[PDB]
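Worksheet for the structure shown next.
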Amino acid sequence: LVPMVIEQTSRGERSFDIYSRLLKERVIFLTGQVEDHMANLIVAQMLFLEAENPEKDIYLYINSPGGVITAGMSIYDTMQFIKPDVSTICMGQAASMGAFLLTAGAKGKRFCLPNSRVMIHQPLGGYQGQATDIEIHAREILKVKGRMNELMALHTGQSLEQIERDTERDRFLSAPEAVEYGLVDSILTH
Amino acid sequence: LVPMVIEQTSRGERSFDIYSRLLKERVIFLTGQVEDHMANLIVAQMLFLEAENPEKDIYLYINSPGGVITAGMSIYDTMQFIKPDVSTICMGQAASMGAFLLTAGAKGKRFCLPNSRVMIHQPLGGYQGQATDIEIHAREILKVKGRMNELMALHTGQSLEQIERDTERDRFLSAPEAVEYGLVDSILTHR
Amino acid sequence: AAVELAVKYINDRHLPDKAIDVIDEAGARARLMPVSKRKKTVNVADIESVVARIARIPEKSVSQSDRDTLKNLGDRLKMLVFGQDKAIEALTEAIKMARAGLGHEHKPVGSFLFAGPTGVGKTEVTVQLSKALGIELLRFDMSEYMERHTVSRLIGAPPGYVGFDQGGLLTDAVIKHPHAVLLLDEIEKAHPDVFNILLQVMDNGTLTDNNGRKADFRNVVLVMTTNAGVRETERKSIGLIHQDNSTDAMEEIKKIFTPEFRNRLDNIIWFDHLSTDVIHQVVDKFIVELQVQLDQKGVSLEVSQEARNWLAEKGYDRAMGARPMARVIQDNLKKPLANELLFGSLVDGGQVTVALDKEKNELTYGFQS
Amino acid sequence: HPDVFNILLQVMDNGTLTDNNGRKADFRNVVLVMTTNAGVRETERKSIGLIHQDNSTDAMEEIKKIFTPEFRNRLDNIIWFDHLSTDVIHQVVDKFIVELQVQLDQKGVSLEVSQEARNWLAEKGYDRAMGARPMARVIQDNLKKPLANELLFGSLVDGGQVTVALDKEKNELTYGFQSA
Amino acid sequence: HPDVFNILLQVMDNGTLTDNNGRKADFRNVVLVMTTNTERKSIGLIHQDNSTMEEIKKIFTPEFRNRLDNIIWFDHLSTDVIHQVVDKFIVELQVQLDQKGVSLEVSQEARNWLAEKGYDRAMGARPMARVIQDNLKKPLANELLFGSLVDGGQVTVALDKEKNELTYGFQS
Ligand SMILES: Nc1ncnc2c1ncn2[C@@H]1O[C@H](COP(=O)(O)OP(=O)(O)OP(O)(O)=S)[C@@H](O)[C@H]1O
Ligand SMILES: [Mg+2]
């Protein structure tokens with residue numbers, strides 16, 4: 001159940017869901033494992049907000065533990081295309097795709113909470129079967145990692161060699177240390 | 001839970017969901033595995049938008065990981081039958097059935113985002129039973145894959161032989177490669 | 001001429017009586033006419049003037065003073081209503097056609113629907129037209145008719161009811177003022193059933209009240225300003241790929257108005273958003289009005305060119321139009337002068353001036369005596 | 001109001017209407033003609049499907065839902081007016097021009113319109129939904145507006161033969177004014 | 001109701017209204033004043049304060065606000081100001097009581113309790129009038145008429161900390 005909040009208007013009060021009223025204020029929330037339906041839902045919200053206002057920033061709260069990589073790419077390609085800068089405020093955990101989504105955020109508007117934690121590791125698409133088919137599948141995952149790492153380094157600016165070395169094994173970064181690494185430009189506290 | 005997106009009109013405020021609000025602008029959404037029940041919904045949206053404005057261009061966002069082949073044919077035939085040109089913008093992923101719909105989009109209106117992918121492969125339909133039933137069933141699946149190459153070749157413009165050779169083993173594609181391969185025409189213009 | 005003109009214009013009397021009085025009224029007018037012995041004969045020109053007075057309608061043959069006024073009617077209006085030239089063109093052409101004699105014998109002089117963004121000058125052009133032509137303006141606010149049963153005041157209540165004796169407003173107004181301008185502001189706000197009355201008004205130029213009397217709308221200009229246009233000015237599409245939106249725009253009015261009502265409209269004028277250059281002219285008009293009011297007391301106000309440009313930009317609004325300019329002109333220019341005029345140097349002020357300081361970012365009001 | 005339709009029932013069947021004072025009217029020699037617009041909207045509707053549909057019967061079904069059966073059962077006939085075709089619209093242009101000439105006859109100016117110009121006017125103003133009303137407006141803008149400016153302030157102040165034609169190169173009307 | 005706002009819009013825009021009898025109501029010489037502003041306690045386990053530029057924009061359409069000449073704002077009654085407001089009632093009663101011939105010895109000590117009891121943050125000073133109506137008027141009224149203070153009277157006020165009520169002293 002979602003609480004219904006009335007939004008005062010000159011015509012009169014109209015009841016709306018808590019998420020609905022937040023969307024009216026350019027606030028979009030993200031949570032749960034990334035899914036095609038979930039990714040497409042956040043995509044429709046981004047497009048509607050851009051048409052409503054093409055300048056005001058659209059907030060994007062990421063509190064997800066990671067999900068399918070392919071689903072996440074749709075969100076990333078929709079965020080870059082839209083003219084308004086996305087404010088990727090990380091309010092909690094941020095797995096591989098979680099880190100990728102917040103890093104895609106426009107520079108100068110990315111914020112992080114004091115006690116948030118961003119976990120970055122490599123993608124895992126392990127499949128078992130005939131060696132012939134695995135070759136193409138094996139080639140594909142590296143290409144996504146290379147493409148993601150290339151785009152990731154473009155946003156952050158760190159050396160590609162260092163990023164792959166670190167991303168080979170699971171890495172945990174604190175909110176203070178995250179800004180040092182360049183994941184988030186600033187921290188929001190007050 | 002679907003978010004609500006209030007709209008303003010002289011008659012009053014017509015509250016609507018996000019999917020229905022975008023549908024008023026001819027933006028159809030194809031999400032998840034294709035199936036007999038979701039295809040019926042997509043074709044229904046195309047028919048309604050066709051009567052409203054024939055001149056306007058429809059927009060289909062394909063973000064599906066593949067589904068039953070039979071359901072996909074219904075969506076493709078509807079798109080070609082309607083006069084309005086269907087613009088297929090690949091978002092996130094384009095599996096065999098998703099790619100088929102992406103190719104079906106009118107020439108000059110097909111676009112692919114920078115990080116989207118396009119995977120094509122041979123049908124994986126299987127049947128178990130008596131040898132006589134398998135023989136007739138085997139003919140149908142072979143006729144379907146072959147039919148797919150002919151229709152795909154028509155839109156893409158490639159030769160039947162290369163498509164058949166390419167589909168022998170699982171293959172993936174990138175966003176710029178799709179334009180070269182003929183699945184689409186050009187990357188979506190940056191705005 | 002008398003018999004034909006009377007039936008064409010005089011509709012409240014029968015042919016033998018109305019025709020005979022025209023002849024009798026013409027001779028009587030001729031009796032006091034020979035100030036210089038001009039009593040030779042009564043011609044057709046005299047019959048047209050006497051009938052024009054009985055029915056209170058402009059004479060058939062346009063004079064040479066009425067003719068001169070219609071030549072520069074559009075130019076005279078542009079001096080007070082800047083922009084929207086096509087609106088003036090349609091109004092001026094219709095008035096010229098009806099006087100020349102090419103008008104519709106069973107329809108009003110003009111039936112023009114005005115739409116567009118708020119504050120673009122819809123009621124001003126109508127009010128200025130009435131003042132320019134010396135025509136009594138009949139103003140009916142359609143905001144008092146937000147219910148289906150409000151039409152009882154336009155044509156009157158039926159017999160046997162509380163309002164039978166009082167009569168209708170619109171019918172009596174046109175009967176008292178045969179030659180007038182009809183303005184229905186915010187027509188869309190009115191109930192959809194009020195449009196049905198206007199149908200016969202525009203098609204046959206006749207309306208019947210509860211008393212059986214027929215109102216003549218052939219010599220009245222019907223203008224119905226609406227705010228529908230403001231809704232489609234956004235031209236925004238919720239999609240990854242944008243669209244022109246030209247065809248959908250301006251089609252909402254067809255949904256709220258039956259095609260019957262629109263099919264009999266002479267034209268559907270659209271008011272474009274005020275241009276930035278036009279805002280400067282509007283400021284000059286307001287300042288001129290303030291100067292005239294001040295000139296009655298004897299004070300003379302002078303505004304620097306730089307102040308006008310900054311003042312216009314301060315109150316420039318596309319959505320709200322030039323309505324905000326009234327507030328900023330009152331709050332900034334008029335309010336400082338109120339205290340001085342009542343008690344101060346401006347009691348008998350002369351050669352007053354005003355200006356602005358760029359670094360200060362505010363106005364500078366000076367006074368002299 | 002639909003209830004008002006009931007008043008006409010006795011008129012169309014008994015042929016008499018009684019007033020407040022008890023006086024009985026006689027409508028035996030009265031041609032009762034009622035004009036309505038009921039099915040125009042339903043016919044304008046467009047089907048939504050692969051195969052299109054016919055909405056000819058929708059026009060009459062709407063009328064049946066507005067007027068009571070006891071009202072329509074005593075009507076002598078229900079004539080369905082049909083949209084004005086391009087051919088009849090051409091004739092309508094001639095009718096309006098004839099009316100314009102009668103107005104112009106009083107002023108003493110005789111207008112002449114070339115057949116080519118008439119066809120051009122018909123195409124510009126031919127709208128099935130709006131019928132013949134736009135023809136008046138098209139003629140009004142093209143012919144009445146220039147004449148009015150000239151009449152009150154130019155060559156046509158006095159009676160003078162005027163002519164109209166069409167420029168094929170520019171596809172626009174050409175007016176010629178003669179003063180005599 | 002929104003229809004009533006339209007009526008006021010026509011007034012502020014043209015300065016005239018039309019009666020249902022055909023009359024014309026002249027508004028060109030009327031000062032139009034619109035006043036805008038909860039009694040129920042907070043619906044929570046622990047009660048909380050219910051005290052309440054963008055608020056007007058939300059509750060009023062721009063077409064109505066844009067027609068206003070100037071929107072005047074009124075400030076919440078300060079604690080210091082409240083002491084001045086209660087003084088007006090005491091002096092008002094004094095001039096009223098002067099016609100009878102008595103002088104109230106009341107000082108700021110009495111007004112201290114009356115202030116908090118009379119003034120409420122939400123209700124404001126509306127109960128203030130009722131406070132004097134019963135606390136200060138009713139007790140004196142009975143003694144003034146029984147004959148003790150009819151031919152001239154002297155009154156006073158006494159507030160005890162423990163009693164937490166306003167006592168009175170009568171002399172003549
Ligand atoms: N084009 C213009 N030229 C001159 N003055 C203008 C113009 N547009 C607006 N104004 C001024 O601003 C006022 C606007 O009020 P109206 O004439 O009623 O027009 P309006 O605000 O468009 O009408 P509504 O509100 O849409 S019925 C005018 O009376 C003028 O004082
Ligand atoms: Mg107005």
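Chain labels run A, B, ... following the order of the structure tokens; each chain numbers its residues from 1, and ligands are numbered from 1 in the order shown.
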
Inset, instruction - Please check which protein, DNA or RNA residues sit within 6 Å of ligand 1, counting only C-alpha atoms and all ligand atoms, and write them as a count of residues only. - result: 18

Legend entry - All residues 7 Å or closer to region 169-183 of chain C, only C-alpha atoms, same chain fewer than 6 positions away omitted, as a list in words: residues 56, 57, 130, 135, 136, 137, 138, 139, 140, 153, 154, 155, 209, 215, 216, 219, 220, 221, 222, 223 and 224 of chain C; 22 of chain E

Selection file, N, CA, C and O atoms, as a PDB file, in the first residue's frame:
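To be explicit, this is the file written out as selection-v4.pdb:
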ATOM      1  N   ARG C  56     -32.746  54.047 -36.095  1.00  0.00           N
ATOM      2  CA  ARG C  56     -31.443  54.243 -35.457  1.00  0.00           C
ATOM      3  C   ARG C  56     -30.374  53.333 -36.067  1.00  0.00           C
ATOM      4  O   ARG C  56     -29.617  52.668 -35.358  1.00  0.00           O
ATOM      5  N   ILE C  57     -30.325  53.309 -37.399  1.00  0.00           N
ATOM      6  CA  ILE C  57     -29.363  52.503 -38.154  1.00  0.00           C
ATOM      7  C   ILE C  57     -28.609  53.444 -39.089  1.00  0.00           C
ATOM      8  O   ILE C  57     -29.173  54.472 -39.488  1.00  0.00           O
ATOM      9  N   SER C 130     -15.786  50.254 -30.819  1.00  0.00           N
ATOM     10  CA  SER C 130     -17.023  50.940 -30.472  1.00  0.00           C
ATOM     11  C   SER C 130     -16.782  52.428 -30.245  1.00  0.00           C
ATOM     12  O   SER C 130     -17.560  53.271 -30.707  1.00  0.00           O
ATOM     13  N   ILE C 135     -20.303  53.938 -31.543  1.00  0.00           N
ATOM     14  CA  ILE C 135     -21.296  52.872 -31.486  1.00  0.00           C
ATOM     15  C   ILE C 135     -21.402  52.404 -30.042  1.00  0.00           C
ATOM     16  O   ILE C 135     -20.383  52.160 -29.387  1.00  0.00           O
ATOM     17  N   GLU C 136     -22.631  52.302 -29.542  1.00  0.00           N
ATOM     18  CA  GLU C 136     -22.854  51.865 -28.170  1.00  0.00           C
ATOM     19  C   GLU C 136     -22.401  50.420 -28.007  1.00  0.00           C
ATOM     20  O   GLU C 136     -22.875  49.528 -28.717  1.00  0.00           O
ATOM     21  N   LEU C 137     -21.479  50.191 -27.076  1.00  0.00           N
ATOM     22  CA  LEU C 137     -20.964  48.854 -26.812  1.00  0.00           C
ATOM     23  C   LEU C 137     -21.892  48.110 -25.861  1.00  0.00           C
ATOM     24  O   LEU C 137     -22.156  48.581 -24.750  1.00  0.00           O
ATOM     25  N   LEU C 138     -22.383  46.952 -26.297  1.00  0.00           N
ATOM     26  CA  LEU C 138     -23.228  46.091 -25.475  1.00  0.00           C
ATOM     27  C   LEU C 138     -22.339  44.968 -24.959  1.00  0.00           C
ATOM     28  O   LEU C 138     -21.971  44.063 -25.714  1.00  0.00           O
ATOM     29  N   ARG C 139     -22.002  45.025 -23.674  1.00  0.00           N
ATOM     30  CA  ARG C 139     -21.127  44.046 -23.042  1.00  0.00           C
ATOM     31  C   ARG C 139     -21.937  43.069 -22.204  1.00  0.00           C
ATOM     32  O   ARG C 139     -22.701  43.482 -21.325  1.00  0.00           O
ATOM     33  N   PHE C 140     -21.765  41.779 -22.484  1.00  0.00           N
ATOM     34  CA  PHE C 140     -22.433  40.705 -21.754  1.00  0.00           C
ATOM     35  C   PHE C 140     -21.349  39.742 -21.295  1.00  0.00           C
ATOM     36  O   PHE C 140     -20.720  39.072 -22.120  1.00  0.00           O
ATOM     37  N   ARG C 153     -32.318  34.921 -18.559  1.00  0.00           N
ATOM     38  CA  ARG C 153     -32.125  36.368 -18.516  1.00  0.00           C
ATOM     39  C   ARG C 153     -31.773  36.952 -19.876  1.00  0.00           C
ATOM     40  O   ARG C 153     -31.967  38.154 -20.087  1.00  0.00           O
ATOM     41  N   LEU C 154     -31.274  36.135 -20.802  1.00  0.00           N
ATOM     42  CA  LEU C 154     -30.919  36.637 -22.125  1.00  0.00           C
ATOM     43  C   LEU C 154     -32.162  36.940 -22.951  1.00  0.00           C
ATOM     44  O   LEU C 154     -32.256  38.003 -23.575  1.00  0.00           O
ATOM     45  N   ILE C 155     -33.127  36.018 -22.960  1.00  0.00           N
ATOM     46  CA  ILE C 155     -34.349  36.162 -23.748  1.00  0.00           C
ATOM     47  C   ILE C 155     -35.601  36.336 -22.902  1.00  0.00           C
ATOM     48  O   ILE C 155     -36.666  36.634 -23.468  1.00  0.00           O
ATOM     49  N   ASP C 209     -38.008  37.126 -28.020  1.00  0.00           N
ATOM     50  CA  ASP C 209     -38.103  37.141 -26.571  1.00  0.00           C
ATOM     51  C   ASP C 209     -39.407  36.482 -26.127  1.00  0.00           C
ATOM     52  O   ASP C 209     -40.257  36.110 -26.938  1.00  0.00           O
ATOM     53  N   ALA C 215     -35.902  40.733 -32.077  1.00  0.00           N
ATOM     54  CA  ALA C 215     -34.740  41.605 -32.003  1.00  0.00           C
ATOM     55  C   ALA C 215     -33.994  41.547 -33.325  1.00  0.00           C
ATOM     56  O   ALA C 215     -33.850  40.474 -33.916  1.00  0.00           O
ATOM     57  N   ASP C 216     -33.513  42.699 -33.784  1.00  0.00           N
ATOM     58  CA  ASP C 216     -32.806  42.797 -35.056  1.00  0.00           C
ATOM     59  C   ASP C 216     -31.307  42.833 -34.787  1.00  0.00           C
ATOM     60  O   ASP C 216     -30.793  43.791 -34.199  1.00  0.00           O
ATOM     61  N   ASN C 219     -27.625  44.731 -37.771  1.00  0.00           N
ATOM     62  CA  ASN C 219     -26.719  45.870 -37.657  1.00  0.00           C
ATOM     63  C   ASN C 219     -25.820  45.817 -36.424  1.00  0.00           C
ATOM     64  O   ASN C 219     -25.275  46.852 -36.031  1.00  0.00           O
ATOM     65  N   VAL C 220     -25.652  44.645 -35.805  1.00  0.00           N
ATOM     66  CA  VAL C 220     -24.816  44.493 -34.617  1.00  0.00           C
ATOM     67  C   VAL C 220     -23.665  43.548 -34.927  1.00  0.00           C
ATOM     68  O   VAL C 220     -23.840  42.544 -35.627  1.00  0.00           O
ATOM     69  N   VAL C 221     -22.485  43.884 -34.417  1.00  0.00           N
ATOM     70  CA  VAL C 221     -21.281  43.084 -34.610  1.00  0.00           C
ATOM     71  C   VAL C 221     -21.138  42.155 -33.413  1.00  0.00           C
ATOM     72  O   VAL C 221     -21.085  42.610 -32.265  1.00  0.00           O
ATOM     73  N   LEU C 222     -21.070  40.853 -33.682  1.00  0.00           N
ATOM     74  CA  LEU C 222     -20.965  39.829 -32.650  1.00  0.00           C
ATOM     75  C   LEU C 222     -19.520  39.359 -32.533  1.00  0.00           C
ATOM     76  O   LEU C 222     -18.957  38.821 -33.492  1.00  0.00           O
ATOM     77  N   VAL C 223     -18.928  39.572 -31.359  1.00  0.00           N
ATOM     78  CA  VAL C 223     -17.559  39.170 -31.060  1.00  0.00           C
ATOM     79  C   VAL C 223     -17.600  38.338 -29.788  1.00  0.00           C
ATOM     80  O   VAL C 223     -18.215  38.747 -28.796  1.00  0.00           O
ATOM     81  N   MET C 224     -16.950  37.173 -29.817  1.00  0.00           N
ATOM     82  CA  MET C 224     -16.929  36.232 -28.694  1.00  0.00           C
ATOM     83  C   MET C 224     -15.484  35.849 -28.388  1.00  0.00           C
ATOM     84  O   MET C 224     -14.953  34.893 -28.959  1.00  0.00           O
TER      85      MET C 224
ATOM     86  N   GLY E  22     -31.856  43.627 -14.506  1.00  0.00           N
ATOM     87  CA  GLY E  22     -31.348  44.530 -15.515  1.00  0.00           C
ATOM     88  C   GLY E  22     -30.616  45.740 -14.980  1.00  0.00           C
ATOM     89  O   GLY E  22     -30.124  46.547 -15.779  1.00  0.00           O
TER      90      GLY E  22
END

Inset, instruction - Tell me, as a list in words, which residues lie within 8 Å of region 10-14 of chain C, counting only C-alpha atoms; anything in the same chain fewer than 5 positions away does not count. - result: residues 5, 55, 214 and 216 of chain C

Legend entry - All residues 9 Å or closer to region 53-69 of chain D, only C-alpha atoms, same chain fewer than 5 positions away omitted, as a PyMOL selection string: chain D and resi 2+5-6+37-48+74+80

Inset, instruction - Dump as a ChimeraX atom specification the residues of chain A that approach chain B to within 6 Å, counting only C-alpha atoms. - result: /A:20,70-71,73-74

Expected file contents, prior selection, N, CA and C atoms, as an mmCIF file, in the first residue's frame:
data_model
loop_
_atom_site.group_PDB
_atom_site.id
_atom_site.type_symbol
_atom_site.label_atom_id
_atom_site.label_comp_id
_atom_site.auth_asym_id
_atom_site.auth_seq_id
_atom_site.Cartn_x
_atom_site.Cartn_y
_atom_site.Cartn_z
ATOM 1 N N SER A 20 3.559 9.486 -6.967
ATOM 2 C CA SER A 20 3.034 10.386 -7.990
ATOM 3 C C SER A 20 3.342 11.841 -7.666
ATOM 4 N N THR A 70 21.864 -5.752 -18.959
ATOM 5 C CA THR A 70 21.179 -5.287 -20.165
ATOM 6 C C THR A 70 20.059 -4.311 -19.831
ATOM 7 N N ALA A 71 19.297 -4.590 -18.773
ATOM 8 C CA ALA A 71 18.226 -3.685 -18.370
ATOM 9 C C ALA A 71 18.778 -2.315 -17.998
ATOM 10 N N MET A 73 21.418 -0.750 -19.131
ATOM 11 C CA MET A 73 21.882 0.038 -20.273
ATOM 12 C C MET A 73 20.775 0.931 -20.819
ATOM 13 N N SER A 74 19.527 0.457 -20.782
ATOM 14 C CA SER A 74 18.414 1.272 -21.258
ATOM 15 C C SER A 74 18.291 2.551 -20.441
#
